[PDB]
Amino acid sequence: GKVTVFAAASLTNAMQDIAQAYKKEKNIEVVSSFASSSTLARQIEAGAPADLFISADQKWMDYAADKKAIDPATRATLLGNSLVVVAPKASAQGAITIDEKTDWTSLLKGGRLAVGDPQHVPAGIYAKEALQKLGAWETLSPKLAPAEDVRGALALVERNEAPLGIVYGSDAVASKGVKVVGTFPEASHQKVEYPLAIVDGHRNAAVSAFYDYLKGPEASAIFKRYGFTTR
């Protein structure tokens, strides 16, 4: 048998490892299609034969639910991604406590904070949220190094060109050139969350069993290894 998963592309490597583990354990092929959450939600809306949908945000799963394309009795948040402060691997910077008393000016060592463009990059929007809530935005706003996406903000830090950056936990794990030096409190910003649901009409035995497996120990260990949080 086989199960077809439409999963946000940020989950590519985790999902591929889970597929190989599930094959070797249950002898069932997991077929994954990776693309943006927007792309997959519209494909599912138009009737694509996906069995499961894992979105990188609640918004696009809300969209699929509004179009009656996913089974709402099966929807639940599968993963989180922490919002983290990263530094270049070679930096003297050690891990520090992130709270209302963090001395951001001293941590910047004369440089700028790398972020996704807070006008539209989600990691930047969330960075801005957390910094405003913690009362640091007044200090940090004139000291930003905005980037076109998370990868561009990561590149500033990997090349020692910015002393700090704000990315997701899974981005930090995928980048060998950066190290986590702090984690924002989850309530300082909107939660980064990956909901999972069975696509409407696809709640059969084999789909349901892989659906359950994604929440079990083997899949959870793989997600954590890639820097996601589990539920």
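Numbering starts at 1 and runs along the sequence shown.
Asker: Could you settle it for me: does 22 to 30 or 41 to 49 have the higher average Cα B factor in the PDB entry?
Answerer: Here the higher of the two C-alpha B-factor means belongs to 22 to 30.
Asker: Per the coordinate record, which of the options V150, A92, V85, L78 holds the highest CA temperature factor?
Answerer: By C-alpha B-factor in the record, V150 ranks first.
Asker: Would you mind checking where the Cα B-factor of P185 ranks among the modelled residues of its chain, as the lowest, middle or highest third?
Answerer: As the PDB entry reports it, the C-alpha B-factor of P185 lands in the middle third of its chain.
Asker: Which third, lowest, middle or highest, does the C-alpha temperature factor of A7 belong to within its own chain?
Answerer: Answer is lowest: the recorded C-alpha B-factor places it there.
Asker: Just say lowest, middle or highest third for the CA B-factor of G165 relative to the other modelled residues in its chain.
Answerer: Answer is lowest: the recorded C-alpha B-factor places it there.
Asker: What third of its chain, lowest, middle or highest, does the C-alpha temperature factor of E138 fall into?
Answerer: As the PDB entry reports it, the C-alpha B-factor of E138 lands in the highest third of its chain.
Asker: Quick check on the deposited entry: does the C-alpha B-factor of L108 sit in the lowest, middle or highest third of its chain?
Answerer: Answer is highest: the recorded C-alpha B-factor places it there.
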